[PDB]
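Chains as they are written, first to last, in the authors' numbering: chain A, 2 to 192; chain B, 2 to 192. By construction, the Cβ of each residue, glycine as well, lies at the ideal position given by its N, Cα and C atoms.
There are 2 protein chains.
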Amino acid sequence: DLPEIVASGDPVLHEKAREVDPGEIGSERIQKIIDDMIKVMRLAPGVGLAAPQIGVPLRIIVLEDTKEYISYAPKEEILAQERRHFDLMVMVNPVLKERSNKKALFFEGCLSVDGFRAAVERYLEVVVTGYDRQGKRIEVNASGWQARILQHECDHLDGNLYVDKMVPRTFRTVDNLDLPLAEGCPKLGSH
Amino acid sequence: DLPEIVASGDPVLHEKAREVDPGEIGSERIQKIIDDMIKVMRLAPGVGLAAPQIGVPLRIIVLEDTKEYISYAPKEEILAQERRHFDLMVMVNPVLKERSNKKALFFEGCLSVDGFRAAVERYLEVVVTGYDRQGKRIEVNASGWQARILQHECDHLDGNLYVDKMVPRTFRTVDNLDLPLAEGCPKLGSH
Ligand SMILES: [Zn+2]
Ligand SMILES: [Zn+2]
């Protein structure tokens, strides 16, 4: 039977999650959770999902950008965002940190806050250490849309949601997403 | 037929509205708009509504708390918020200023962002100058839930929405509204 995605308000989403004990990473209990996450993330079509997003107070994140997800989207868009597909990925106790201060500005969404989008700023290049699905210890280096997902997803693990990181007055309805930015709003894009 | 409430994203909501020319206040054109607002505000049951919330880039706000709106709501709640009914009110080119530093923390919502609530801080006592429905000049002094509505509604006139003023990690689904605050969050209520 499957767990649902929790929405804002639910304390689990706005509280620091506990590090999963390496070694228990291989645990069936945990491997289950990881599978659940992966599934849900794919279920309601998404590219990221943190344990807390399903009631699990653990530091576990799953991510993936399939060329089919990207398939459907403005070529010029996909370009500017620097979005590229990347095989499913799982990280327990990830520890993220920017590889450089270059940043970018685009809209984000979260399955815990649907119907809405907001332009938030993220680091363009980042590096995340931590363990992989098998309790093995990995160092993933990324940039572009993948770096954003990592940041987004890792924040979830600290109780932070994009809404408390968005630029003023860019917040909007999924539907009005393509509407013009209000004057005084930074323009989208990189450096 | 009637105008609909615009949702975030729509530039009108995030841009400073223009002062309505005193004298045109009595204008039928404007008196219409004021009526529309009053209607809509009552239509989808609400207590505040700013011109921009219906595509009108003007500095006009309408508000009203009926003992019937107040009717159904926790007696201890209504109490703590210091909410009291007040006859419909209309203000063009209102100019609001706190009467004192004292503040309070409660959840707010906006018809341009439904399904969501967030705890935002407001001034407990305030004073708003400006004209009334008839182009007549007024000075309204308020406190409690009425002061909040004034602030909320006036912000709309400057392109500011509560989301860019909410306390971090209190944002939530209408449904999860009664859920516990996450740890590290200020407690609701007046000092
Ligand atoms: Zn999310
Ligand atoms: Zn509002």
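Scanning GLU184/B, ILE35/B, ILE55/B for the CA closest to the CA of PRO169/B turns up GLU184/B. Collapsing the DSSP output to three states places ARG170/B in coil. Taking 8 Å as the threshold, the shortest C-beta distance from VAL164/A to chain B falls below it.
Put simply, of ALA18/B, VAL7/B, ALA8/B, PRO4/B the residue whose alpha carbon is nearest the alpha carbon of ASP156/B is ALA18/B. In the three-state scheme derived from DSSP, where H, G and I count as helix and E and B as strand, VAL21/B is classed as coil. Shortest Cα-Cα distance from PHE87/B to any of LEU44/B, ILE61/B, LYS76/B, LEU151/B involves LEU151/B. Contact check for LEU89/B against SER191/B fails: the beta carbons are separated by 8 Å or more. A straight line joining the alpha-carbon of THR130/A with that of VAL141/A spans about 6 Å. Beta-bridge partners of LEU158/A (DSSP): none assigned.
The beta carbon of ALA8/A is closer than 6 Å to those of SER113 in its chain, skipping five residues each way along the sequence. Listed by position along chain A, the residues whose Cβ is nearer than 8 Å to that of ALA8/B are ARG173, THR174, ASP176, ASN177.
Judged by pairs of C-beta atoms under 8 Å, the segment 25-38 of chain B does not touch the segment 68-81 of chain B, as fewer than three such pairs exist. Around the Cβ of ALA45/A, a 10 Å sphere holds fewer than 16 other Cβ atoms; the residue is exposed. For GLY116/B, the nearest CB of chain A lies under 8 Å from its own CB, placing it at the interface with that chain. By DSSP's assignment, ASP66/B forms a beta bridge with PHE87/B. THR67/B and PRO95/A have their C-alpha atoms some 52 Å from each other. Going by DSSP, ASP36/B is part of the alpha helix (DSSP H) stretching over 29-44. Distance from the C-beta of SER191/A to the nearest heavy atom of ligand 1 is not below 7 Å. Not a single CB atom of chain B sits nearer than 8 Å to the CB of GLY47/A.
Leaving aside the five residues that flank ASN102/A on each side, the residues in its chain whose CB is nearer than 8 Å to its CB run, in chain order, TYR124.
For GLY160/B, a Cβ of chain A is located within less than 8 Å of the residue's own Cβ. For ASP179/A, the closest of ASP11/B, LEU3/B, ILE6/B by C-alpha to C-alpha distance is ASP11/B. Contact annotation: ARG100/A and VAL127/A have beta-carbon atoms nearer than 8 Å. In terms of beta-carbon proximity, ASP11/B lines the interface with chain A, with at least one pair separated by less than 8 Å.
Put simply, the backbone Cα of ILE6/A is about 12 Å away from that of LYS40/A. Proximity of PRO181/A to chain B, defined by a Cβ-Cβ separation below 8 Å, is satisfied. At a cut-off of 7 Å, the beta-carbon of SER9/B does not count as near ligand 2: no heavy atom of the ligand is closer than that.
Residues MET42, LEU64, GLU65, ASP66, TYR70, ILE150 of the same chain have their beta carbon placed closer than 8 Å to that of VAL48/B, with the five preceding and five following residues left out of the count. Only residues of its own chain outside the window of five on either side were considered, and among them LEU106, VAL168 have a CB closer than 7 Å to the CB of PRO187/B, listed in chain order.
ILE61/A sits close to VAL21/A, with the two beta carbons spaced by under 8 Å.
For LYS104/A, no alpha helix (DSSP H) encloses it; the enclosing beta strand (DSSP E) starts and ends at 104-111.
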